[PDB]
Amino acid sequence: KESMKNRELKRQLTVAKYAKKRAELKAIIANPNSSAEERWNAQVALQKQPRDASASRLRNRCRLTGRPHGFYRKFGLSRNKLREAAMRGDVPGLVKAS
Amino acid sequence: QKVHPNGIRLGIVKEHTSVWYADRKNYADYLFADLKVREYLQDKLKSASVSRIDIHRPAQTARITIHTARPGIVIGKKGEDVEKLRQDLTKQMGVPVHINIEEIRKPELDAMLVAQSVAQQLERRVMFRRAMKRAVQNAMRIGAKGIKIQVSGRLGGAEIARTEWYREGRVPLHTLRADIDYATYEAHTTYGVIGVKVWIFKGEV
Amino acid sequence: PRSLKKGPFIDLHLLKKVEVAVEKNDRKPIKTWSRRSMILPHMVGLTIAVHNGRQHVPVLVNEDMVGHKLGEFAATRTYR
Amino acid sequence: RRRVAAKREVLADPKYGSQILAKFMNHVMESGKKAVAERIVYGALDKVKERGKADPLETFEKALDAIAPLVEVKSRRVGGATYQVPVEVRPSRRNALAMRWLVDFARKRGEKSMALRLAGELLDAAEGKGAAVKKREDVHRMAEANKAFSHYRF
Amino acid sequence: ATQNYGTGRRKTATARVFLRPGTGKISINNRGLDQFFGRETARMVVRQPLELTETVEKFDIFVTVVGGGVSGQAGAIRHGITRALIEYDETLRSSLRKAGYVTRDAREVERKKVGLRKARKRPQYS
Amino acid sequence: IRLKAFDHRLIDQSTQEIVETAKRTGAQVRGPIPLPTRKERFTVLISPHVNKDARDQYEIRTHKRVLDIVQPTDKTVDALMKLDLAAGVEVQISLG
RNA sequence: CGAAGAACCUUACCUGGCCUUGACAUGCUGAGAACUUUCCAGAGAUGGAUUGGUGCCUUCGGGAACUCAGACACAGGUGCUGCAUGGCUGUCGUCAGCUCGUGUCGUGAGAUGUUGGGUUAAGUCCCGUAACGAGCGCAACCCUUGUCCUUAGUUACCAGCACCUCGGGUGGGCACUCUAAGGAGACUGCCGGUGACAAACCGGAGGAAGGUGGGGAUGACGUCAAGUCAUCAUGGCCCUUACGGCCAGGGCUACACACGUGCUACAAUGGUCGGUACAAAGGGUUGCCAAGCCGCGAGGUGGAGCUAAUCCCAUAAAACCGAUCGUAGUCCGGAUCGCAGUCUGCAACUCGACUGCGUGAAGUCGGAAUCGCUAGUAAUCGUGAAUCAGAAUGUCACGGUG
């Protein structure tokens, strides 16, 4: 859809917006020398943030097409747009071989 | 069925349309630039026919060589389009952009330039064959040694998907030594979608 | 599961709708869509309306239900 | 069917100095376990030298030629009647028929200590009371009931 | 001098074999020959081109082999020493061309192809 | 000196553009040394709606190439870097 | 089988909560810079507070930038049509064919070339001949593996040389292995026989390789209105106070049954315990995560080294050696299940993976039937990658023994 790319655009904003406090709240919990009173109130600040901030909510879709399945991260393309753009000599250094 | 005649010869015949090295952390951040440049430029240069848009990346900026067979339409009154786009190619591609324009002398021997004219004729309600018997002999008075043109689609009919096929000369396709052009430009008539394929065969070796 | 470094789990809005709702005692069921949280010995004997998926079902909290979460007491699928 | 098949050769037995035993060793190997099967064939070779004072190659030389048959059937159907024809076994083929019959009856011997199963097989066939010798002679008896079909619709 | 360099490759192995006059000195990777190849018939297969050309007692042998498999390195030495023996002359050329020792075995492993599961095995249909 | 590009008809044709254009200026630069090559296979499915056993597999290469000076006394190649970079060659400097 | 990864997200479906020029496009009217608000209510959506911020170019008039509201055209659609179609793939089949120009025969649809003899993996060639030619195909051109030569020596290499603490550790060397560039080599070339002595065929020498050396990519004119409108593109048709948007939980992982592929097993060519030997190929500065270190164990600390022939992933397993095990539903097999743990993630209830401890099933080689494979092949043993916070008995890929 087009309305479905648009709702997973703003997830990428809200993850990259906060992005620093959640490093600190997970720095407090991960220490064995940390006190649980400093841990328990640190648990409060995680769950009162909106949940669309973790990377697990983020879903790497194809950038030109939007199809979820068949994505590679050494490119930005889908499974079936990568073929049509490679036969036209665009992708540099890419050939067939055996 | 008939694997694409560029993808088997990248190497012994032709080369890429874009050369630049990139690390594994920026490789997918230069592709998304260079793929929405070509969708941008062809939508602007719908006239003043364009065959090839090459992109080099020298040290840290850019270089682009747009090829037209009619450069005077694009360079009009000393770059009123050249500097106007060069302001606005940077807005999609944050590096400073060079724009260079060559000529495509003998415009009837490159497949993109030919197949754009076929969509023009077949949307003026010209006959499907009188347009194409004349678009091959004109491209055989000068130049090539073989031409195939396939015209498939609705072809005016009711429920008809026929394929016109006309050939002249010699066209090999299982010889990697040869030199073949290829282009698929489409056409939107008042009913149906017609796709056109072109296989201009220049000289071999 | 849920290793003992990070010991307990309970939801924040559930806690203020229980710990303050202890101070005025059990005269109402607690209607809550949450199912990810456990029950606790701060909550022995309450009445919770756990979301089935299309309705809420009542829960009689006992003393020997303490470790298991709310999900084991709401249904999902019928199979009559 | 253009005739293609050339010949590949395996002949290697350095610790004993033999040639028939190496080809016999390949009929014992399962899934490329050669070093496992090598010490079992020698493991059933020394028990014969433990049993008989003669060199146990000659026990193996005698045990082949009382399991190896002479003639056998060949169900060549005329296309409307199922016939069987007793045919002369080619001299190259008749080695591998005994060695393949020998191993398959060793596996159903049902003893303990696996090299003792193959040990008892090579002892019997120097006499004739082996199950491989009884399987040899029974197929010999099948040819003479089949002998009417030797040349005629054959 | 009299040092003779011999190489030989079989089943992705590679053996440096040096050959010089000595008295039965067979050493491989600073190990004895009986110690290196543990319990196999190929302990004698490395001697088979040597005892064919009746020079089993007349040379030092220094072998360094890398890569390959267990019994693939033993074949690399056997091909390797035959190239080192023919640096002398072609008197033993006909004694080894006829023996079938000089030709490198070209039989290498084959790649997995799509649709199939092994190099040639394919799944069952019905 | 180390060089990275995508095809051997550039990167092994730009070393002579450096070996000749540095040994001319007096300093000794030895012969270039090859390295192992990056090879990355990409097996992609080819049909839009499914038919699994029709596939197509590509490969992207990366050629490496290492130079070696002896006596550093020339800043000539430091100015002649925009010349020696042509289209897709990257040069990290290790002036030994 | 789309799916190269369903805890939510993905996700379309279900139950509600909730929007109406809209989550998004352009044009219009007003409003304020954008921003930051660190707060409560509420499952959240949202609603209302909310210290603050007051830019920016200025013909100093304002403009552009963003954000809020109003209204109109509209936006939007994973709704129907793959028999309205383009694009892209399967299939016969890597099968040896399929057609045209001119000419002649036939009232015409046709036919001849393209048939005959020999031969070939081959419509590949030779001899014949109302046909003479040409194209597509086959072959070769490309890649890889196997032999040698030249150019090249760090992070790779150790024959010669000393050095050593005995580790190429070090000086050193450019012999080598290796790496990768550029070349030669193989053409029925040569010998004999065979054929019309003409294609070719059977033997022979030499040679790393012998008769397209082995493998791979490359699939003709076409067929099945084969498949896909849910990858994308589009003709038409319908919805547009919802067939469109927003947010919680549930669901796709339900379950007498039947069919398809796949893994372990059913044991003594084995099972355990204790030693000990040899690989290729690949990933890693949003990462690998060592030494030391604490844990029955999965791990926890710890932080090096590292932008890669350097550092890490990373210990190959089968084989071998010694011991016990005596063929027993078992020192076989491991399903189920109780209990106890660690890791990721806001979150392991429905619904994750592994670890400990305990329990121990069916199974004693498996009907009628039925499929795969001609040589580094079947059979058997491991290793890696893609997708990926987490999660492979599948997919793709590399080697051992044979």
# chains A, B, ... in the order shown; residues from 1 in each chain; ligands from 1
call {"tool": "interface_residues", "arguments": {"of": "chain A", "to": "chain C", "cutoff": "8 Å", "atoms": "only C-alpha atoms", "output": "PyMOL selection string"}}
result
chain A and resi 44+47-48
call {"tool": "residues_around", "arguments": {"residues": "residue 30 (chain D)", "least_positions_apart": "4", "cutoff": "8 Å", "atoms": "only C-alpha atoms (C1' of nucleotides)", "output": "PDB file with N, CA, C and O atoms (P, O5', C5', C4', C3', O3' and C1' of nucleotides), in the first residue's frame"}}
result
ATOM      1  N   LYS D  34      36.719 -47.680   5.159  1.00  0.00           N
ATOM      2  CA  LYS D  34      37.684 -48.651   4.664  1.00  0.00           C
ATOM      3  C   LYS D  34      38.563 -49.188   5.780  1.00  0.00           C
ATOM      4  O   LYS D  34      38.814 -50.396   5.840  1.00  0.00           O
TER       5      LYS D  34
ATOM      6  P     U G 269      31.039 -54.979  15.750  1.00  0.00           P
ATOM      7  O5'   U G 269      30.745 -54.053  14.494  1.00  0.00           O
ATOM      8  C5'   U G 269      31.213 -54.412  13.206  1.00  0.00           C
ATOM      9  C4'   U G 269      31.859 -53.242  12.513  1.00  0.00           C
ATOM     10  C3'   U G 269      31.049 -51.947  12.512  1.00  0.00           C
ATOM     11  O3'   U G 269      31.955 -50.845  12.489  1.00  0.00           O
ATOM     12  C1'   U G 269      31.375 -52.675  10.293  1.00  0.00           C
ATOM     13  P     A G 379      23.015 -40.967  -1.720  1.00  0.00           P
ATOM     14  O5'   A G 379      23.945 -41.896  -0.830  1.00  0.00           O
ATOM     15  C5'   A G 379      23.496 -43.162  -0.383  1.00  0.00           C
ATOM     16  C4'   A G 379      24.543 -43.826   0.466  1.00  0.00           C
ATOM     17  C3'   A G 379      24.845 -43.142   1.785  1.00  0.00           C
ATOM     18  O3'   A G 379      23.918 -43.463   2.802  1.00  0.00           O
ATOM     19  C1'   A G 379      26.865 -43.622   0.682  1.00  0.00           C
TER      20        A G 379
END
call {"tool": "residues_around", "arguments": {"residues": "residue 62 (chain C)", "least_positions_apart": "4", "cutoff": "10 Å", "atoms": "only C-alpha atoms (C1' of nucleotides)", "output": "JSON, numbers by chain"}}
result
{"C": [39, 41, 43, 44, 45, 46, 66]}
call {"tool": "residues_around", "arguments": {"residues": "region 37-43 of chain F", "least_positions_apart": "6", "cutoff": "8 Å", "atoms": "only C-alpha atoms (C1' of nucleotides)", "output": "JSON, numbers by chain"}}
result
{"F": [55, 56, 57, 58, 59, 60, 61, 62, 63, 64], "G": [396]}
call {"tool": "interface_residues", "arguments": {"of": "chain E", "to": "chain G", "cutoff": "7 Å", "atoms": "only C-alpha atoms (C1' of nucleotides)", "output": "ChimeraX atom specification"}}
result
/E:38-39,67-70,103-104,106-109,121-122,124-125
call {"tool": "closest_atom_pairs", "arguments": {"of": "chain G", "to": "chain A", "cutoff": "10 Å", "atoms": "only C-alpha atoms (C1' of nucleotides)", "output": "tab-separated table"}}
result
residue	atom	partner	partner_atom	distance
G:2	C1'	A:69	CA	9.5
G:3	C1'	A:69	CA	7.0
G:4	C1'	A:70	CA	6.3
G:5	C1'	A:69	CA	9.8
G:8	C1'	A:57	CA	8.3
G:9	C1'	A:57	CA	4.8
G:10	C1'	A:59	CA	7.2
G:23	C1'	A:3	CA	6.2
G:24	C1'	A:3	CA	7.0
G:44	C1'	A:50	CA	9.7
G:76	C1'	A:3	CA	7.9
G:77	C1'	A:1	CA	8.5
G:78	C1'	A:1	CA	7.3
G:88	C1'	A:80	CA	9.2
G:142	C1'	A:97	CA	9.9
G:143	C1'	A:98	CA	6.3
G:144	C1'	A:98	CA	7.1
G:215	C1'	A:98	CA	9.7
G:216	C1'	A:98	CA	5.7
G:217	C1'	A:98	CA	6.9
G:231	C1'	A:67	CA	6.8
G:232	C1'	A:65	CA	7.6
G:244	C1'	A:3	CA	9.9
G:245	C1'	A:3	CA	8.2
G:300	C1'	A:32	CA	9.3
G:301	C1'	A:32	CA	8.9
G:345	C1'	A:56	CA	7.5
G:346	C1'	A:47	CA	5.6
G:347	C1'	A:47	CA	9.9
G:386	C1'	A:72	CA	8.5
G:387	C1'	A:71	CA	7.7
G:389	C1'	A:56	CA	6.0
G:390	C1'	A:56	CA	9.6
call {"tool": "write_last_selection", "arguments": {"atoms": "C-alpha atoms (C1' of nucleotides)", "output": "PDB file, in the first residue's frame"}}
result
ATOM      1  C1'   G G   2       5.390 -17.069  -2.479  1.00  0.00           C
ATOM      2  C1'   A G   3       7.738 -16.847   3.198  1.00  0.00           C
ATOM      3  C1'   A G   4      16.044 -15.355   2.682  1.00  0.00           C
ATOM      4  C1'   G G   5      12.657 -16.198   9.556  1.00  0.00           C
ATOM      5  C1'   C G   8       3.638  -7.808  19.377  1.00  0.00           C
ATOM      6  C1'   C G   9       5.518  -5.223  14.901  1.00  0.00           C
ATOM      7  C1'   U G  10       5.083  -7.693  10.133  1.00  0.00           C
ATOM      8  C1'   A G  23      -1.664   9.074   7.316  1.00  0.00           C
ATOM      9  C1'   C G  24      -0.090  11.162   2.429  1.00  0.00           C
ATOM     10  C1'   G G  44      -3.763   3.090  24.111  1.00  0.00           C
ATOM     11  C1'   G G  76      -6.825   6.484  -1.022  1.00  0.00           C
ATOM     12  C1'   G G  77      -8.172   0.916  -2.110  1.00  0.00           C
ATOM     13  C1'   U G  78      -3.882  -6.145  -0.485  1.00  0.00           C
ATOM     14  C1'   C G  88       8.632 -11.518 -15.589  1.00  0.00           C
ATOM     15  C1'   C G 142      32.836 -16.754 -21.957  1.00  0.00           C
ATOM     16  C1'   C G 143      33.851 -18.875 -16.853  1.00  0.00           C
ATOM     17  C1'   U G 144      36.251 -22.603 -13.750  1.00  0.00           C
ATOM     18  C1'   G G 215      32.022 -28.817 -14.778  1.00  0.00           C
ATOM     19  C1'   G G 216      29.015 -24.099 -15.452  1.00  0.00           C
ATOM     20  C1'   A G 217      26.382 -20.083 -17.749  1.00  0.00           C
ATOM     21  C1'   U G 231       5.998  -7.291  -6.400  1.00  0.00           C
ATOM     22  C1'   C G 232       5.347  -3.495  -9.800  1.00  0.00           C
ATOM     23  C1'   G G 244     -10.695   4.180   3.356  1.00  0.00           C
ATOM     24  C1'   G G 245      -7.430   5.715   8.007  1.00  0.00           C
ATOM     25  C1'   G G 300      28.547 -13.794  33.758  1.00  0.00           C
ATOM     26  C1'   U G 301      32.494 -10.490  34.307  1.00  0.00           C
ATOM     27  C1'   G G 345      13.425  -8.155  23.854  1.00  0.00           C
ATOM     28  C1'   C G 346       8.948  -2.924  26.953  1.00  0.00           C
ATOM     29  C1'   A G 347       7.075  -7.893  27.078  1.00  0.00           C
ATOM     30  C1'   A G 386      22.139 -15.231   3.453  1.00  0.00           C
ATOM     31  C1'   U G 387      17.224 -13.560   6.088  1.00  0.00           C
ATOM     32  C1'   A G 389      16.939  -8.362  18.586  1.00  0.00           C
ATOM     33  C1'   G G 390      15.845 -13.408  19.393  1.00  0.00           C
TER      34        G G 390
END
call {"tool": "interface_residues", "arguments": {"of": "chain G", "to": "chain B", "cutoff": "8 Å", "atoms": "only C-alpha atoms (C1' of nucleotides)", "output": "list in words"}}
result
residues 84, 85, 86, 135, 141, 142, 218, 219, 234 and 235 of chain G
call {"tool": "closest_residue", "arguments": {"among": "D:53, D:15, D:100, D:147", "to": "chain E", "atoms": "only C-alpha atoms"}}
result
D:15
call {"tool": "atom_distance", "arguments": {"atom1": "CA of residue 41 (chain B)", "atom2": "CA of residue 114 (chain B)"}}
result
18.6 Å
